[PDB]
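What follows is a single structure, written as structure tokens, with notes after it.
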Number of protein chains: 2
Amino acid sequence: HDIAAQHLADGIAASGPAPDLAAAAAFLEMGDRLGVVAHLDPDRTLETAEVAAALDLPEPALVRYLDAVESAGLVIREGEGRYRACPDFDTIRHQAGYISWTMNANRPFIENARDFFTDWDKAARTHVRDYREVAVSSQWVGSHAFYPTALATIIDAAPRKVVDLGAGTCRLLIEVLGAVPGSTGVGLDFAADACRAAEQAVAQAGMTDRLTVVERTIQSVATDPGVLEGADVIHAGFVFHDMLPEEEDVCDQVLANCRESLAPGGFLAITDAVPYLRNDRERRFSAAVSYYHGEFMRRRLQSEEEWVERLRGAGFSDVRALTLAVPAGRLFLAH
Amino acid sequence: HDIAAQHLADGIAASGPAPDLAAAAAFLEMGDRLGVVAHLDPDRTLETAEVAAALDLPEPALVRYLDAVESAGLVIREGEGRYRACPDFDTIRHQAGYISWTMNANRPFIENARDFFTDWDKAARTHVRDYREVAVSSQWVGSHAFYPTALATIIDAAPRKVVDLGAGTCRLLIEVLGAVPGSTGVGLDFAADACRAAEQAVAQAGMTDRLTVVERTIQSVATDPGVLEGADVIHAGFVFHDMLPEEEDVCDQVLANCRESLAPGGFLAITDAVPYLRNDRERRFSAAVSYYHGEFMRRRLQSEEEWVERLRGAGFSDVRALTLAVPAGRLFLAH
Ligand SMILES: Nc1ncnc2c1ncn2[C@@H]1O[C@H](CSCC[C@H](N)C(=O)O)[C@@H](O)[C@H]1O
Ligand SMILES: Nc1ncnc2c1ncn2[C@@H]1O[C@H](CSCC[C@H](N)C(=O)O)[C@@H](O)[C@H]1O
Ligand SMILES: O=C(O)C(=O)CCc1ccccc1
Ligand SMILES: O=C(O)C(=O)CCc1ccccc1
Ligand SMILES: [Zn+2]
Ligand SMILES: [Zn+2]
């Protein structure tokens, strides 16, 4: 009875916040694949009758899920068939983003590393990531750890036209357009799955007519820059690396094109990841992002120095790097 | 520059320990599937030359993985081709256990919930869990959150024979046998994949000749109790529920058989999960364990009361329940 109590206290300390985070991540990924999570908000209610119908789910099954999440403490039952997210839901979801990204989006790397180590080319085409999961997990991380700084920079200098390259689910644009009343946005992304997710999200935010989703590669922009011109700000979050080190020249043409297409006041903003940081706070997640990129995707992440170097030798001036909350995340501003 | 710093501090607080945990879980699951993690220990070294050969991996690929984990802060490079785990590695691995269990072992439930909601029978046979992942993730959680109390109870009363039903990777037995010099163990488990993992682990701990792994169902024990008799302690961790509510009678025969086969001093110890706790600490992970069991596996988790009730109406006396560190985990001792 003594040592049971001691084993209890010691175990609770060892486990720390991991039980809570493991449970939230699983409930939220499952609910997001169902389409339920888009209906969860601490300030709005989810009416099961309508949502079950909208999502084409048996209402009873939705109720059993929601009751499970209610037991977990992630939602509150407001009345019969009405639920709302717990007050700290957005932070819970943000943290789940990291877990979803490493454990869900990048699962093919985790499961099939042996293949990647022995025959990379065969592995790379056999074990492919689900870009809907890449884009969503990225959005959950972004909400609190990389969107806010870029949002605030974009909001000042009050743009009329914003282009986001490799936009994923288009959350940053939805946010920009929400904050500056007379703005248009174009979100560009190579993945059908991301684009479908985005169009849905954009519609859900009532901006379908203000914010266009165009399914194209960023490479496209080098030869067909007929999407940039008019833009006060061009943004690119975690995409530029997708053409390094293999398409260096294309990258430099996209950069040259960006410089041109800009209104005379505006800027390019690049959110991207720098490789293998050593500082205590950033190092562990930095290493995961770097290893997935380096080893599995064979994309080159550049250092701060290299990025600054490149934006200059692309004809941008006043280029600086800002530290983001997401480990090894950096914001580059090039005017 | 002001608001970048403010967005930084706010983002770091929002993210909390999630970046670190997400990265550790992914590195460790990946490394455990490779067979590397069994070689990681804060007190021993991993010699890449031998391990790469033992694991049938290109040594250079192992080195690149280990260097990534070193950058992450999870291993320390001792010299060329020598590495050891960071000092707090066991706690890191324990926490990764929770993430692995919810996000890896139970992945088929996360990805295919829609199917489970619409046609359960078809879903249950189409989307099946990898029991090697179930057993390993369970072991990582157990290390600090459910093995210690059962270990300490077993170690007292110094047994000669211990049987563990649904033993997974047999860590509890390996630990019991390690602490009481003249003990034999039998670990029983229905999953080939778990048994293979176990035999390997048992061999790695030099107990192959002391600890037998028998691939059988727990149901087996109802009709063929020729595995129990002689036992000072019978243990069963997170298996009993696998015959409820459908094989109630079989469960009661296994229980009756257990009562008989015991030496006159010994006891049955059951580690198992109670459903949907409400207390703040346990509720969130409790709900995940309960929802996976209830909804996806259709196994009945019993409350403390029900379990105590059952162990009595099986002819055990002096039955009590102890709180474990793993949320909604309970240890039942029946003599
Ligand atoms: N060559 C390419 N051209 C355009 N988009 C690309 C690309 N390679 C990858 N992408 C997209 O880039 C995104 C990377 S992650 C999502 C990033 C998003 N801007 C955000 O910050 O939340 C994915 O949506 C992926 O589909
Ligand atoms: N009907 C059954 N008979 C025997 N073992 C079973 C079973 N159903 C599931 N199992 C096994 O029970 C285990 C549940 S999880 C692992 C539990 C292990 N005792 C531990 O505490 O770490 C798995 O190894 C699974 O393969
Ligand atoms: O997945 C990719 O391809 C990326 O570029 C990852 C983008 C990212 C970076 C940090 C946290 C979450 C998401
Ligand atoms: O996966 C199963 O079937 C189980 O019974 C899970 C056993 C378990 C319980 C709590 C944490 C980790 C593992
Ligand atoms: Zn990337
Ligand atoms: Zn179970």
Side-chain angles (χ1 to χ4, degrees), chain A residues 94 97-98 101-102 134 137-156 164-168 171-172 176 218 233-245 251-252 254-255 258 267-294 297 299-314 316-335, chain B residues 1-15 18-20 22-23 71-72:
Chain A
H94 167 246
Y98 285 98
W101 189 81
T102 71
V134 175
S137 63
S138 174
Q139 182 194 312
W140 297 356
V141 174
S143 64
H144 290 65
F146 64 74
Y147 296 150
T149 312
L151 219 210
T153 301
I154 306 309
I155 288 171
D156 310 349
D164 203 3
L165 307 169
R171 184 63 191 175
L172 175 60
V176 163
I218 181 169
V233 195
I234 312 157
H235 176 94
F238 304 104
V239 288
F240 261 99
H241 59 244
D242 282 309
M243 46 195 166
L244 305 175
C251 177
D252 281 336
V254 171
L255 283 183
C258 281
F267 55 102
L268 181 62
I270 296 176
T271 300
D272 221 296
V274 300
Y276 293 108
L277 294 179
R278 296 294 304 186
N279 74 74
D280 188 50
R281 189 177 60 79
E282 297 185 275
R283 63 187 302 181
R284 197 188 289 179
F285 188 77
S286 181
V289 173
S290 295
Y291 186 60
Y292 278 150
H293 277 86
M297 299 192 262
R299 300 295 196 245
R300 177 175 165 247
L301 301 183
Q302 303 169 80
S303 68
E304 261 191 59
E305 199 178 319
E306 291 167 326
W307 257 114
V308 159
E309 208 42 56
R310 182 179 303 254
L311 295 166
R312 288 167 168 163
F316 285 96
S317 47
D318 221 280
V319 313
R320 35 187 24 80
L322 295 166
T323 302
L324 299 176
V326 66
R330 300 292 182 270
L331 178 57
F332 301 99
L333 297 173
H335 318 263
Chain B
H1 281 291
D2 247 325
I3 62 261
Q6 172 221 218
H7 286 311
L8 173 58
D10 291 350
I12 289 170
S15 294
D20 277 1
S71 188

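Below, chain A is the first sequence line, B the second, and so on; all start at residue 1.
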What verdict does the side-chain contact (heavy atoms from CB on, under 4.5 Å) test give for A:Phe146 and A:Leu331, after you've listed the backbone C-alpha separation in whole Å, the side-chain angles of each residue and the deciding distance to 0.1 Å? CA-CA 8 Å; A:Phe146 64 74; A:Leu331 178 57; over 6 Å; no
Q) Taking side chain as C-beta onward, heavy atoms only, is A:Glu306 less than 4.5 Å from A:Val274? A) no
Heavy atoms of A:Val319 and A:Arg312 approach each other most closely as CG2-NE, 3.6 Å
One should read off an interatomic distance between A:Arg310 CZ and A:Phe332 CZ, to the nearest 0.5 angstrom, of 11.0 Å
The reported gap from CZ in A:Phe240 to CG in A:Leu268 (rounded to nearest 0.5 angstrom) is 5.5 Å
Just list the side-chain donor-acceptor pairs under 3.5 Å for residues 2-9 of chain B, sequence neighbours left out, or say none.
none

Q.
Pair A:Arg278, B:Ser71 - check side-chain contact (heavy atoms from CB on, under 4.5 Å), show working.
A. CA-CA 7 Å; A:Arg278 296 294 304 186; B:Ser71 188; 3.9 Å; yes
In terms of heavy-atom contacts, A:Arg281 and A:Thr323 come closest through NH2-CG2, 4.5 Å
d(A:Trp307 CH2, A:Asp272 CG) to nearest 0.5 Å is 5.5 Å
Heavy atoms of A:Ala314 and A:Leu255 approach each other most closely as CB-CB, 3.9 Å
One should read off an interatomic distance between A:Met297 CE and A:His241 NE2, to the nearest 0.5 angstrom, of 6.0 Å
Check: Hey, are the side chains of A:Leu244 and A:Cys251 touching, using non-hydrogen atoms and a 4.5 Å cut-off?
Finding: yes
Check your understanding: Do the non-hydrogen side-chain atoms of A:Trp140 and A:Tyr98 ever get within less than 4.5 Å of each other?
Key -> no
Q. Would a 4.5 Å heavy-atom cut-off, applied to side chains only, mark A:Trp101 and A:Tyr292 as touching?
A. yes
Practice task
Taking the side chain as every heavy atom from C-beta outward, state whether A:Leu301 and A:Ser290 have any atom pair closer than 4.5 Å.
Solution key: yes
- Answer yes or no: is there a side-chain heavy-atom contact under 4.5 Å between A:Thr271 and A:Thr149? no
Output for pair (A:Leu333 CG, A:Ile154 CD1), nearest 0.5 Å, gives 7.5 Å
Note to self: I want to check something: taking the side chain as every heavy atom from C-beta on, are A:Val176 and A:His235 in contact at a cut-off of under 4.5 Å?
What the structure shows: no
Original post:
With a 4.5 Å limit on heavy-atom distance, are the side chains of A:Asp242 and A:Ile218 in contact?
Top reply: no
Starting from the C-alpha separation in whole Å, work towards a yes-or-no answer on side-chain contact (heavy atoms from CB on, under 4.5 Å) for A:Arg330 and A:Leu277. CA-CA 12 Å; A:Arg330 300 292 182 270; A:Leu277 294 179; 3.3 Å; yes
Closest non-hydrogen contact found for B:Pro19 with B:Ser15 is CD-O, 3.5 Å
Next on the checklist: Taking CG in A:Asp280 as the centre, count heavy atoms belonging to other residues, nucleotides or ligands within less than 6.0 Å. Is the count above 12?
Outcome noted: no
* Expected output: side-chain A:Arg300 to main-chain A:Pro245 donor-acceptor under 3.5 Å -> no
Heavy-atom nearest pair, A:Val289 first then A:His293, reads O-ND1, 2.8 Å
Heavy-atom closest pair (A:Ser286 atom, A:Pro275 atom, distance to 0.1 Å) is OG-C, 4.1 Å
Residues at least two apart in sequence or cross-chain that pass ring-ring contact (aromatic ring centres under 6.0 Å, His included) with A:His144, listed by chain then number, are A:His94
*Name the orientation class of the two ring planes belonging to A:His335 and A:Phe267 (parallel below 30°, tilted from 30 to 60°, perpendicular beyond 60°).*
tilted
